[PDB]
Structures are given as structure tokens and as C-alpha cells.
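**Student:** Submitted below is the structure of interest, expressed as C-alpha cells.
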Amino acid sequence: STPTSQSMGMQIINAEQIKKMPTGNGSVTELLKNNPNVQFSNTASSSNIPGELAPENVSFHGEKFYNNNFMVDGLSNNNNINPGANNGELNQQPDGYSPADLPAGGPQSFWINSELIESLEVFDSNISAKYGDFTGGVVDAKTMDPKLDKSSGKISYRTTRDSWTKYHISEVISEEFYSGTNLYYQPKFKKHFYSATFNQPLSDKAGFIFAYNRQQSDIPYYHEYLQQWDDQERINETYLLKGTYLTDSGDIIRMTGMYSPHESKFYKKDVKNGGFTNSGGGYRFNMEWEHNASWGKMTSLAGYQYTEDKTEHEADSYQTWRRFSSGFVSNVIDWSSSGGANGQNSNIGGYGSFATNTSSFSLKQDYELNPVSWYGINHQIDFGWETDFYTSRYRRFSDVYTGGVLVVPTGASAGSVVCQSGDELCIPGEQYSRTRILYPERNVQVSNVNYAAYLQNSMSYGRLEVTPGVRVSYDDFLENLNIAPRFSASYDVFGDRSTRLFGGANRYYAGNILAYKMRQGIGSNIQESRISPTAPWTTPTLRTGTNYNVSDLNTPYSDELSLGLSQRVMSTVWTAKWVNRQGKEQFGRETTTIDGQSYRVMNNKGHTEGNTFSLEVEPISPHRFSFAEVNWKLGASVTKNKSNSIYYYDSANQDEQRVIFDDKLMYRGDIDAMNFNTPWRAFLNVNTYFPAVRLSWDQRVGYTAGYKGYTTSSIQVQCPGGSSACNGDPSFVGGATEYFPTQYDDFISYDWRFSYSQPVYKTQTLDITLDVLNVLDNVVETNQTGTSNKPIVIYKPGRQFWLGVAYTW
């Protein structure tokens, strides 16, 4: 029932469109590659990493990728704690690799698959006052719902593998890649994508759906000095149990359980017993009550959500031993974690278990009053409220002792090492730790309430629809009262839907980033020392490490302006919209002094202009022929995005640095956005169904502006006597970092996806499915790294086959 002016600002992708579009894993974000206002993070598709199951990071209209409202069934699917870690780049020491890491499951708590979703509502603009806690878009993943009559269901298996995935990889990383010695170089992998679904009446007005998904990847990893092969394993399970009782009153009570635990078994390079699992996601249970009174509709909701981004290492202490060195060699330590010729250190163990968890109880109530007429205008008064009572908690579960500095008595002194009988930091007759670093059991806790309320009029007269709304909201984290005007108009110009304009002016406010609260003492470690392996641990010496703190902050916001036209040219709807976002008060990092101690502190010093012109052409109805039905959607956009070099909430304000860019001297906040910001796209989905064969051949051909990779100078250009760029400021005596461009060619993306259904008997079908991503196998550049001395280019995947089978009744 969404109104005209807002419907041109949303894209609705139902189960049929999801079955049809060419698909990789089919994360909720991969489905967004048919929205012309979505930019993916440069690395999110990459030949280096075809084993990854995680959501591809998405910017809507140049806003921060962690500032979208990802939703599942109309409830938040967002990480309020650490959503944007490492700018969404695949950091080689995953979060958890070190004892002071605040874990990060990306911006989404639950990683739902395309299998589990019955509609995706992708709101890029003109977004209703119903939706908030974003500066970005909204992606409302309506998961599969009970059917009261069908008794139906599905089982599927989908798979891809290294031998089915052509790799385009740069020569400067090829031997490291094919060695398998790096967590995010994946030359060998297997993916298995299991699912089940049952959709059954308990009684004729009381359906339930049970659904299971199991995205799995196995990925061999090689420790080059420990000389071991270990599988990394990536798993996203999702269990969903949705029930719906349609009462005799016509009011629907819906019970919605979910458990979406995703895990990633990483390892620490050459560390013995060195494995760790970044677990994440968690569970839900909601009750929703859709009441359908004489006034209209009242969708009441209560629900619990739990999220637990957790690292668990395979040990809860960490030791550095020494195999050999000048004047010493050992018989106990039987591995190496280094390659040196004069001496070698050998590492064992890990940093125990630590987690950051949200426990959020949500109340909501959405009202949709029937159209009431006043002063000749019809008013559809939508209104509502929600309250998230939440506790966020980062917490280590056991004291992690770590092995500090090792003393290794040489020659005739070696026999002096006699350990205390319980000691983890001594080896008898070999060596002992002189210092021990305790990362203690800790609990940082923040209990908060976020209130929000809205009114959303949607009101019509004389061919207009005008949809004024507001969305007041208050988080007791920052204590900000945010008032968020939303305006979205439309006019059917020529008496009919064939020619109709629209536009809007909306302020969007984002959710909390609790990372600086959860870190308030992360890296607090107590050092202790001992003179001999029999002596006591003498002197607890706390270092609080890199401290973090909360500060008085405005909420990050995005001022949208939008305008557009929808036109019915000769059997096709052409919808064109411009959208401009002034992302403002966006978070960055600062250092400040409190009670004489230095703290890292969040600031509002970031901003992002993002600008799009987007075009969306589709037919009025599918074409039909003797052979086929053929259906298509030509999306396109031209885009321009900007940033301070405050890339995310941990980035410092490098805005004031001098750089040489576009062949002139300028401040670093005047660079074009390095991530996101491919200039343009033009994608044609065409879908074909051959009734003579039951074969569907669904294909996406998409031309896009080639990546413009920038590499830094290793030495800063002394402006005075260093570059013609210096004419940009002849007063500058200092040095500038130069950026050198490489403009890779504008490229044809081409993905196929076939699916043939075979009736097993009258009620049931077995479907064979075959994606072929990059059917051309073309080399496409997608990121570029480092200085001009080490230009590591990264590419989008080669030809990748995904076979699938789906039995259904």
C-alpha cells in the first residue's frame, strides 16, 4: 500500500525475481546489483576470496555502508557495535586475531540467503518515516511466510568450487596466492549451499513455515613455517520458524523465530594450536499482531533479538618459545613460526574467547488509517512508534595469559630452568617467560533505550499525492532528540499514470555506533614479571593500551533531495530520478585528553556528498512468442561521491593533508572517493522462460565505468621544487603525498543463470539450476593497493559455475 512518490524510491524484488537473477552466494546485498543507486565496496567481489560467505558491503547514494538499515521481516538486522570495521576491507589479521580486537560481523547481524527471502524491499530514496536508523538506504528482507492451503516445501543443494571458478590474479601476489599461505587468498575452496523448507497448516487458519539454510565454504590454508594444511571453514546456518494464526476477527497473530549463526574458522599464521572462530549472528523471537479494525490497520509487535559477534581461539593462553638462537637449541619445541637462519621463534595458542553481544527487546506499533477526507484532500494517515530496549556487552570469558619476553639460558647455564608444576610459561630444562601479559576477564556493558515515533501523511487531490511525514527519535546513548522531516510528492501530469513526476526532501538519521563505548578499556592488560621460573609473578603493572571513550556527539545525518519522472513510452515504463545526499555529521576518530589520560574519541568531522542520476526502464508486460516469454529491466546510473578521508568511524581527519591529485596540489578531503564511486553503470536483466523445455535462461549484461585505481608515492613530493601540482598553492614549503591514476577500461559484466524444472509426479518438481557468473571470463580490475613501488591490483572473479538442485512439493 506504499504511496506513489515513495514507490519510485523503492525496488521490490520478490521470490520469482530472486529465482531468476544470476547469483553468487545470494546474500541480501548481492540482490542489490540490480538497483542503480547501490555501489558495492571495491573488494566485495574479488578473485582472491571466492570462499567468503559474508554480505557484500553496500553504499546507497554515496552514504556509509554501515549506515544503511538492513532489516529482516521489518526488524533491525544491524550491528550497533563495530559494523564498519577496517572500512569493510578484508584485513589480514581478522578481528579477533589479537586479544584487544572488538569483534565485527560486518554491518549485518544475520546473513540471510536468497533462499530464505520472499521479498526484498530496497528503499534507496523517498524513504517513509516508518523507516529510520540509517543514512543510506533500507533493505527490508521479508523472509518466507506461511501458506494456509498448499502444504508445500523445498529441499536444495547448490555448489561451486575452485575447479569451477576461474581466477584472475595479479603476478605480484600470484605465488603467495597459490601457496595458500594467506587467509584471504583462496586458490582452493568448495562451497555447499544446503536448504530445506516445510510450509504446513497446523489447522486450516494456522500455518507454519520451517526453513533451514546452510551456506558452507571449505578453504585450505597452509602454514609455511609450521608446515601444516588446515581447512578454514565458513558456515552460515539459518533456522527460521514462522507461524501465523488468522483469528476469526480477521486479525493475524504471527510468531517468528530465527537462529542465524554464522561462523568463520580462521587461523593465526604459523601459530601451533592457533585456530580461531569468529562466530556471529544470533537469534530472534517476535510476536506480531495485525489488527484490521474499522479505522484501518494496527500492526503491533514485540520481539527479542540477540546478536553475538564472538572470537573463540583454540586456546586461552599464548606463548612465544624459541627453537634455536646464538648459544641455544631446543628438543621440546617442535615447530617454527619464523624462517630466520640465525634463530627462530615458535608461537603456540591464542587469546581465549571474547564477544560483543546485543540483547535487544523491541516493541513496535505501526498504524495505517484508512483514507479520511478533509478540506477535499484525502489523507492516508500512517503513524507509529517503536522502542528498542537494549544491552550491548563486550566481554572476555577467561583470563588470557600471554608469554611476554622469553629468557633462554645459553650453554652451561641452560640446566637452570626448573618450572613450577602448573606453569604454562616455562619449559623444563629449556626456557621461561620473564614477563607475562594478562588480558583479564572483563565486562563492558551499556544498557540503552532508543525511542522512535512517526507520522506519515499521504494525501491526495487534483492528481497530486503529497506524503509529508516526520520521524522523531531519541537514543539515550548520545541523548540526541532527532527530528527527521520526510517530504515526498508526485503528480500524474497528463491526466493518467503514463506521465507523472515525483520528488522529495528527506532527512535521515542513523543508528548508534557503540564501538567507542565497548572499547572503553579494551586493551587493558596487566603485565607481571619474574626473576627465575620458580619465583612469584611479582608486580602487576597495568597498561590501559590505546584507550577509547564516548563524547558529546550530533547524530550522523543525510539530507536527501530527489526529483524524478516516470513515462510510459510505447509499451515500456521509463523511470528516471536524480538523488543528492548531503551526508553530514558522519563519524570519525580524534585523540583527546581526559583526567590527564589520552583517549581515542569519536567526532562528527565526516561528510559525504553523494549524487546520482538513475534510469530504470522496464516493459508494461512480458513479451510472448511461439518459443518463449521474455522479460527485462534496463537499469542505469551516473554518479559522483565525496569524502574527508574520514573513510569510517575509526578514520582520522586527514582532510587537511596536502596531496597531489588530478595533477594539482590540494587538501586530502578534496580527493574523489576512492572506495565505491565507479562513475556509471548500465545493466540489462533479461529473463527467458521456454515453456516447450521448462528451461529458464536468465541473464544479466552490464556495462560499467572501469575502475580508476589510485596508487600513492612512496616518498612525499617536496612541493617546493617537486611538482607542477605546486601551482595549486605556491606558499606550500612542505611535502605532499602524490596519487597516480590508472583508468582501467569500461567493462561488460555478463552473468547467466539457467534453471530447468522436471515434474517428478503431478504434485512435485526437481529443478536443476546453473549460474555462470562472468561467462566471458573477462579480466576486470576492482581495487588497486599500495605505493607506485608495489601496485597490487585485484580483479573481479573469472567464469564461475554454481550448479544447484531443488526438489519441491
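Residues are named by chain letter and number: chains run A, B, ... in the order of the C-alpha cells, numbers start at 1 in each chain, and ligands are numbered from 1 in the order shown.
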Could you tell me, as a PyMOL selection string, which residues of range 538-683 of chain A DSSP assigns to helix (DSSP H, G or I) when given the backbone?
**Tutor:** chain A and resi 654-656+668-670
**Student:** For range 18-24 of chain A, list every protein, DNA or RNA residue within 8 Å, evaluated using only C-alpha atoms, and leave out those in the same chain fewer than 6 positions away; present the list as a list in words.
**Tutor:**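 After dropping sequence-adjacent residues, the list is residues 30, 31, 114, 685, 687, 696, 698, 699, 700, 751, 752, 753, 771, 772, 773 and 802 of chain A.
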**Student:** Counting only C-alpha atoms, what is within 12 Å of residue 188 in chain A, bar same-chain residues fewer than 2 positions away, as a PyMOL selection string?
**Tutor:** chain A and resi 47-51+160-167+177-186+190-191+217-222+229-232
**Student:** So that I can see what lies close to residue 676 in chain A, please list as an MDAnalysis selection string the residues with an atom at most 10 Å from it, counting only C-alpha atoms and leaving out residues fewer than 3 positions away in the same chain.
**Tutor:** chainID A and resid 38:43 57:65 640:642 673 679 707
**Student:** The selected residues should be written to file as a PDB file, in the first residue's frame (atoms: N, CA, C and O atoms).
**Tutor:**
```pdb
ATOM      1  N   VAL A  38      22.864   1.693  -5.782  1.00  0.00           N
ATOM      2  CA  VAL A  38      23.795   0.902  -4.973  1.00  0.00           C
ATOM      3  C   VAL A  38      25.168   0.782  -5.617  1.00  0.00           C
ATOM      4  O   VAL A  38      25.315   0.329  -6.749  1.00  0.00           O
ATOM      5  N   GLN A  39      26.181   1.162  -4.847  1.00  0.00           N
ATOM      6  CA  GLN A  39      27.590   0.934  -5.120  1.00  0.00           C
ATOM      7  C   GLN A  39      28.082  -0.149  -4.159  1.00  0.00           C
ATOM      8  O   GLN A  39      27.883  -0.041  -2.954  1.00  0.00           O
ATOM      9  N   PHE A  40      28.753  -1.180  -4.650  1.00  0.00           N
ATOM     10  CA  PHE A  40      29.435  -2.160  -3.810  1.00  0.00           C
ATOM     11  C   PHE A  40      30.846  -1.702  -3.470  1.00  0.00           C
ATOM     12  O   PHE A  40      31.488  -1.008  -4.257  1.00  0.00           O
ATOM     13  N   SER A  41      31.342  -2.095  -2.298  1.00  0.00           N
ATOM     14  CA  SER A  41      32.718  -1.805  -1.902  1.00  0.00           C
ATOM     15  C   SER A  41      33.671  -2.460  -2.897  1.00  0.00           C
ATOM     16  O   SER A  41      33.447  -3.602  -3.300  1.00  0.00           O
ATOM     17  N   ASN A  42      34.736  -1.769  -3.287  1.00  0.00           N
ATOM     18  CA  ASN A  42      35.674  -2.185  -4.333  1.00  0.00           C
ATOM     19  C   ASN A  42      36.109  -3.655  -4.253  1.00  0.00           C
ATOM     20  O   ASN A  42      36.196  -4.329  -5.276  1.00  0.00           O
ATOM     21  N   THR A  43      36.396  -4.169  -3.056  1.00  0.00           N
ATOM     22  CA  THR A  43      36.896  -5.533  -2.840  1.00  0.00           C
ATOM     23  C   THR A  43      35.806  -6.593  -2.684  1.00  0.00           C
ATOM     24  O   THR A  43      36.139  -7.771  -2.573  1.00  0.00           O
ATOM     25  N   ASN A  57      29.567  -5.519   1.072  1.00  0.00           N
ATOM     26  CA  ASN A  57      29.294  -4.200   1.649  1.00  0.00           C
ATOM     27  C   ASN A  57      28.765  -3.214   0.598  1.00  0.00           C
ATOM     28  O   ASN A  57      29.336  -3.084  -0.487  1.00  0.00           O
ATOM     29  N   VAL A  58      27.690  -2.507   0.931  1.00  0.00           N
ATOM     30  CA  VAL A  58      26.908  -1.646   0.035  1.00  0.00           C
ATOM     31  C   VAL A  58      26.768  -0.211   0.513  1.00  0.00           C
ATOM     32  O   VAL A  58      26.275   0.039   1.600  1.00  0.00           O
ATOM     33  N   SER A  59      27.089   0.744  -0.352  1.00  0.00           N
ATOM     34  CA  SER A  59      26.739   2.153  -0.198  1.00  0.00           C
ATOM     35  C   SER A  59      25.503   2.478  -1.028  1.00  0.00           C
ATOM     36  O   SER A  59      25.459   2.158  -2.214  1.00  0.00           O
ATOM     37  N   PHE A  60      24.502   3.120  -0.435  1.00  0.00           N
ATOM     38  CA  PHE A  60      23.381   3.717  -1.154  1.00  0.00           C
ATOM     39  C   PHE A  60      23.651   5.206  -1.307  1.00  0.00           C
ATOM     40  O   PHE A  60      23.888   5.887  -0.311  1.00  0.00           O
ATOM     41  N   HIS A  61      23.614   5.726  -2.528  1.00  0.00           N
ATOM     42  CA  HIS A  61      23.823   7.150  -2.821  1.00  0.00           C
ATOM     43  C   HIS A  61      25.064   7.770  -2.148  1.00  0.00           C
ATOM     44  O   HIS A  61      25.016   8.891  -1.653  1.00  0.00           O
ATOM     45  N   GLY A  62      26.180   7.044  -2.087  1.00  0.00           N
ATOM     46  CA  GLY A  62      27.448   7.545  -1.541  1.00  0.00           C
ATOM     47  C   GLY A  62      27.522   7.672  -0.019  1.00  0.00           C
ATOM     48  O   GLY A  62      28.544   8.091   0.512  1.00  0.00           O
ATOM     49  N   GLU A  63      26.469   7.297   0.699  1.00  0.00           N
ATOM     50  CA  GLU A  63      26.464   7.212   2.158  1.00  0.00           C
ATOM     51  C   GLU A  63      27.275   6.020   2.680  1.00  0.00           C
ATOM     52  O   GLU A  63      27.568   5.076   1.941  1.00  0.00           O
ATOM     53  N   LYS A  64      27.645   6.038   3.963  1.00  0.00           N
ATOM     54  CA  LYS A  64      28.485   4.994   4.556  1.00  0.00           C
ATOM     55  C   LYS A  64      27.794   3.633   4.524  1.00  0.00           C
ATOM     56  O   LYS A  64      26.627   3.516   4.883  1.00  0.00           O
ATOM     57  N   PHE A  65      28.524   2.582   4.174  1.00  0.00           N
ATOM     58  CA  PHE A  65      27.966   1.236   4.023  1.00  0.00           C
ATOM     59  C   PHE A  65      27.406   0.629   5.310  1.00  0.00           C
ATOM     60  O   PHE A  65      26.448  -0.141   5.279  1.00  0.00           O
ATOM     61  N   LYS A 640      28.422  10.504  -8.569  1.00  0.00           N
ATOM     62  CA  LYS A 640      29.565  11.277  -8.072  1.00  0.00           C
ATOM     63  C   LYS A 640      29.518  11.342  -6.549  1.00  0.00           C
ATOM     64  O   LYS A 640      28.557  11.875  -6.001  1.00  0.00           O
ATOM     65  N   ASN A 641      30.539  10.829  -5.865  1.00  0.00           N
ATOM     66  CA  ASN A 641      30.606  10.764  -4.398  1.00  0.00           C
ATOM     67  C   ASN A 641      31.890  11.406  -3.834  1.00  0.00           C
ATOM     68  O   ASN A 641      32.933  11.390  -4.492  1.00  0.00           O
ATOM     69  N   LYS A 642      31.835  11.942  -2.609  1.00  0.00           N
ATOM     70  CA  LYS A 642      32.900  12.745  -1.976  1.00  0.00           C
ATOM     71  C   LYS A 642      33.113  12.373  -0.495  1.00  0.00           C
ATOM     72  O   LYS A 642      32.213  11.801   0.107  1.00  0.00           O
ATOM     73  N   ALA A 673      36.082  10.154  -3.992  1.00  0.00           N
ATOM     74  CA  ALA A 673      36.002   8.966  -3.152  1.00  0.00           C
ATOM     75  C   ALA A 673      36.707   7.764  -3.804  1.00  0.00           C
ATOM     76  O   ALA A 673      36.415   7.395  -4.941  1.00  0.00           O
ATOM     77  N   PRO A 679      32.120   5.659 -11.740  1.00  0.00           N
ATOM     78  CA  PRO A 679      31.284   6.743 -12.228  1.00  0.00           C
ATOM     79  C   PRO A 679      29.885   6.325 -12.676  1.00  0.00           C
ATOM     80  O   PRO A 679      28.918   6.999 -12.332  1.00  0.00           O
ATOM     81  N   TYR A 707      37.264   0.736 -13.281  1.00  0.00           N
ATOM     82  CA  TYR A 707      37.879   1.183 -12.052  1.00  0.00           C
ATOM     83  C   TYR A 707      39.016   2.175 -12.311  1.00  0.00           C
ATOM     84  O   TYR A 707      39.877   1.939 -13.157  1.00  0.00           O
TER      85      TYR A 707
END
```
**Student:** State, in Å with one decimal place, the distance from CA of residue 680 in chain A to CA of residue 575 in chain A.
**Tutor:** 16.9 Å
**Student:** Just checking: using only C-alpha atoms, which residue out of A:4, A:608, A:688, A:443 ends up closest to residue 624 in chain A?
**Tutor:** A:688
**Student:** Show which residues sit within 8 Å of residue 510 in chain A, as a CSV table (one decimal) with C-alpha atoms, in the first residue's frame. Count only C-alpha atoms, and ignore same-chain residues fewer than 6 positions away.
**Tutor:**
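Resulting contents of around-v9.csv:
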```csv
chain,number,residue,atom,x,y,z
A,67,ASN,CA,24.8,3.4,7.9
A,68,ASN,CA,22.1,1.5,5.9
A,132,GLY,CA,14.8,5.2,10.3
A,133,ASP,CA,18.2,4.5,11.9
A,134,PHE,CA,20.0,5.0,8.5
A,135,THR,CA,21.9,7.5,6.5
A,555,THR,CA,23.7,12.1,15.2
A,556,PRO,CA,25.1,11.4,11.7
A,557,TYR,CA,22.5,12.5,9.2
```
